[PDB]
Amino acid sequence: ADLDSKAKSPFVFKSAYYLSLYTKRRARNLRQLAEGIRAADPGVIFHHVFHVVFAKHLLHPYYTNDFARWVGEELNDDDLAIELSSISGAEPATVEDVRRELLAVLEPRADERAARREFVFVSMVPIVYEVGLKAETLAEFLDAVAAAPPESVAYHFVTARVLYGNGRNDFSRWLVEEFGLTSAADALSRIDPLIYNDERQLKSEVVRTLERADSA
């Protein structure tokens, strides 16, 4: 049937432990922050921008990333903070796209005003492991993604996409490659992950979208 159709290559569910590395980089002001954003490895941008989707990464609403929060709380510059929070993390945005949008907002605004508490650049490297779910068919896939841990769904929907991928999540890629379902990939591509502060929220949105697209 629709959902009984099978894929050549099954979908394997993975998750990650995020190893957080000290980069020896730190910012006292907007220009230093800009230089650090320019010089940062992808793990740094992923951490301060996308990693906020996790509950552990503490996120205040109305700040969508660490940089925005810092500029707002420490430099007490709101208009700039808002600008910085307004960057889109929806597909097909990758960490390079983000770095670059950030730098675009920062360049004109750069100065030497010193902040209170300086910004510490930290990097994430994911150590990926198998979760224990495979899916051969669409039906299997739906059951799986609904059974998967929230962090697995975050991994496949955010981490794999912005860090490794081309700016398309693993679900989307698997659906299109195997079953050629472009609409479902589109529907997914409509979710901006930065909008959630919590990976369970995120997983809920994702599963809903898939059920909507496939079961329909």
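Numbering starts at 1 and follows the sequence shown.
When the two stretches 194 to 202 and 13 to 21 are set side by side, the higher mean Cα temperature factor goes to 194 to 202. According to the PDB record, 179 to 187 carries the higher mean C-alpha B-factor of the two stretches 63 to 71 and 179 to 187. Residue-level inspection of the entry shows that, of 57, 48, 28, 156, 57 has the top Cα B-factor. Note on 97, 130, 77, 140: the highest value goes to 140, judged by CA B factor as recorded. Placement of the Cα temperature factor of residue 172 within the chain: middle third of the modelled residues, per the deposited record.
Annotation for residue 53: CA B-factor lies in the highest third of the chain's modelled residues.
Annotation for residue 150: C-alpha temperature factor in the middle third relative to the rest of the modelled chain, per the entry. Sort the chain's modelled residues by C-alpha temperature factor and residue 81 lands in the lowest third, per the entry. When the modelled residues of the chain are ordered by their C-alpha B factor, residue 101 lands in the lowest third.
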